[PDB]
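Quick setup: one chain, the form deposited without ligand DCM, written in structure tokens, and binding and motion questions come after.
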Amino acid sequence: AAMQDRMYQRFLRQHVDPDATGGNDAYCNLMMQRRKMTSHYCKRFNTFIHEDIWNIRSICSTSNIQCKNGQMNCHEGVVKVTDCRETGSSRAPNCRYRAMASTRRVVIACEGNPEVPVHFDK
């Protein structure tokens, strides 16, 4: 579980920022860069979750549902987010985004002991 921890750390990096509440375009531009999703190509869509890690991890403890890829280790919850969508023009590593802040249903996959988030499904 050096593995499960690496996967969890990747989830935190790509998807977790507790104390923003809901960013604008500049927030997406900064965070996509700082969380390492722009150096080699521009990731087209990404979500940052604005909840405490304890609360995100709690989603793992809910009833299992199917992931998009067919796995059965997914879980749904409702959280504050900023969704970041690439503008379509941009050229890595200078990637540009449009932000949408909202509270919405998310689906995450969890693994391990304790169960932790390892993938953001939708």
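Note that residue numbering begins at 1 and tracks the sequence as displayed.
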item	value
8-16 set against 21-29, stretch whose average Cα temperature factor tops the other in the entry	21-29
Of 87-95 and 53-61, the stretch whose C-alpha atoms average the higher B-factor in the entry	87-95
Where the record places residue 44 (Cα B-factor, split into thirds across the chain)	highest
Third assignment of residue 81 from its chain's C-alpha B-factors	lowest
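What comes next is about the form solved in complex with ligand DCM, which is not displayed.
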| query | finding |
| --- | --- |
| The single option of 50, 43, 96, 35 touching ligand DCM in the entry with it bound, heavy atom within 4.5 Å | 43 |
| 4.5 Å heavy atom contact, residue 120 to ligand DCM in the entry with it bound | yes |
